[PDB]
S.K.: 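Can you keep this structure in mind? I'll have questions shortly.
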Amino acid sequence: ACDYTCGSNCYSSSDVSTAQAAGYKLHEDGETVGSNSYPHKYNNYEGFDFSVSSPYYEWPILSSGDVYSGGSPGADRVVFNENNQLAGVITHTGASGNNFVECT
Ligand SMILES: Nc1nc2c(ncn2[C@@H]2O[C@H](CO)[C@@H](O)[C@H]2OP(=O)(O)O)c(=O)[nH]1
Ligand SMILES: [Ca+2]
């Protein structure tokens with residue numbers, strides 16, 4: 001079973017923590033990857049009720065199991081805060097435009 005299901009993408013907790021760690025490291029070093037400069041601030045326009053405090057940052061999580069290194073980020077993201085605490089896993093899949101919905 002999946003720990004997080006983003007549309008048809010299935011992620012385990014291990015997939016998430018691996019993605020989060022890579023994203024947080026870049027954040028810590030003040031470096032970005034890709035045309036959209038990941039990781040970057042996640043404004044939470046959606047108003048998700050995250051249990052940890054902001055600011056939030058988003059980093060792509062890939063269904064391939066690889067760590068994001070550039071190119072297309074797909075539709076899924078892991079959201080972490082300044083303390084490297086996991087806020088949530090979100091996706092563009094099933095949401096209109098560039099909006100997000102939470103992975104289940
Ligand atoms: N939908 C959405 N996009 C956000 C948010 N915070 C930052 N963004 C970024 O703001 C723009 C419009 O949604 C996009 O550049 C999106 O990038 P990502 O695809 O990298 O999330 C947010 O809270 N919601
Ligand atoms: Ca996996």
Side-chain angles (χ1 to χ4, degrees):
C2 313
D3 288 307
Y4 301 86
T5 303
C6 303
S8 58
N9 292 335
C10 181
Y11 301 108
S12 65
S13 288
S14 47
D15 293 318
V16 171
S17 68
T18 294
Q20 177 180 343
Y24 186 69
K25 168 63 163 169
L26 280 167
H27 170 72
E28 235 183 3
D29 295 333
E31 294 176 347
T32 62
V33 297
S35 294
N36 288 353
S37 302
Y38 293 107
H40 65 72
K41 221 169 206 69
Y42 175 65
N43 298 131
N44 199 14
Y45 296 139
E46 279 77 16
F48 293 120
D49 213 7
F50 292 137
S51 46
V52 300
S53 40
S54 64
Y56 304 120
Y57 300 95
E58 54 166 297
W59 169 255
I61 183 173
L62 309 172
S63 63
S64 61
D66 287 342
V67 161
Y68 182 71
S69 65
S72 183
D76 312 329
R77 308 284 182 268
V78 296
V79 178
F80 60 87
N81 74 4
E82 203 58 60
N83 293 334
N84 197 19
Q85 293 175 281
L86 171 63
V89 183
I90 59 180
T91 186
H92 285 305
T93 301
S96 38
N98 207 54
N99 288 340
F100 286 101
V101 291
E102 275 188 84
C103 296
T104 57

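One is the number of the first residue; the rest follow in order along the sequence. We count ligands from 1, going down the list as the structure has it; atoms in each ligand are counted the same way.
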S.K.: For atom 8 (N) of ligand 1, grab the closest protein heavy atom and report residue, atom and distance to one decimal in Å.
M.R.: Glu58 OE2, 3.9 Å
S.K.: With heavy atoms of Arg77 as the reference, note each atom of ligand 1 found under 4.0 Å away.
M.R.: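 The list of qualifying atoms is 19 (O).
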S.K.: If you measure from NZ on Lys25 to CG on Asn84, what distance do you get to the nearest 0.5 Å?
M.R.: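 These two atoms lie 12.0 Å from each other.
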S.K.: Before signing off on this row, confirm whether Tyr38 and ligand 1 have an N or O atom pair separated by under 3.5 Å.
M.R.: yes
S.K.: Mark whether atom 10 (O) of ligand 1 lies under 4.0 angstrom from at least one protein heavy atom.
M.R.: no
S.K.: Between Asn43 and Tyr45 (side chain of the first, backbone of the second, donor and acceptor by atom type, cut-off under 3.5 Å), is there such a pair?
M.R.: no
S.K.: Any idea which atoms of ligand 1 are less than 4.0 Å away from a heavy-atom of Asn44?
M.R.: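 Once the distances to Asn44 are compared, the set is 22 (C), 23 (O).
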S.K.: Nearest protein heavy-atom contact for atom 24 (N) of ligand 1: which residue, which atom, what distance?
M.R.: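 Nearest neighbour among protein heavy atoms for atom 24 (N) of ligand 1, to 0.1 Å: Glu46 OE1, 2.9 Å.
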S.K.: Find all atoms of ligand 1 within a distance of less than 4.0 Å from any non-hydrogen atom belonging to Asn43, and give their numbers and elements.
M.R.: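 Matching atoms, with element in brackets: 5 (C), 6 (N), 7 (C), 23 (O).
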S.K.: Going by heavy atoms in the side chains, are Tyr11 and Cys103 under 4.5 Å from each other?
M.R.: no
S.K.: Is there a ring-ring contact (aromatic ring centres under 6.0 Å, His included) between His92 and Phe100 once you walk through the steps?
M.R.: CA-CA 5 Å; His92 285 305; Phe100 286 101; 3.9 Å; yes
S.K.: Any idea which protein heavy atom is nearest atom 13 (O) of ligand 1, and the distance to it?
M.R.: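 Protein heavy atom with the smallest distance to atom 13 (O) of ligand 1: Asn98 ND2, 2.9 Å.
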S.K.: With heavy-atom distances below 4.0 Å as the criterion, list the atoms of ligand 1 near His92.
M.R.: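 Those atoms are 19 (O).
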S.K.: For atom 22 (C) of ligand 1, which of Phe100, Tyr56, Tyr42 has the closest heavy atom?
M.R.: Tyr42
S.K.: Are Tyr68 and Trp59 close enough, and set up right, to give a ring-ring contact (aromatic ring centres under 6.0 Å, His included), and what steps lead you there?
M.R.: CA-CA 8 Å; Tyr68 182 71; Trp59 169 255; 5.6 Å; yes
S.K.: Can you see whether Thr18 engages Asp15 through a side-chain donor-acceptor pair at a distance of less than 3.5 angstrom?
M.R.: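 The criterion, which ignores hydrogens and geometry beyond distance, is not satisfied for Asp15 and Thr18.
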S.K.: For ligand 1, which part of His40 has a heavy atom less than 4.0 Å away: the side chain, the backbone, both, or neither?
M.R.: side chain
S.K.: Can you hop from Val67 to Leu26 via hydrophobic side chains spaced under 4.5 Å?
M.R.: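 In one cluster with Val67: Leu26, yes.
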S.K.: Say whether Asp76 and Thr91, considering side chains only, have a donor N or O and an acceptor N or O under 3.5 Å apart.
M.R.: yes
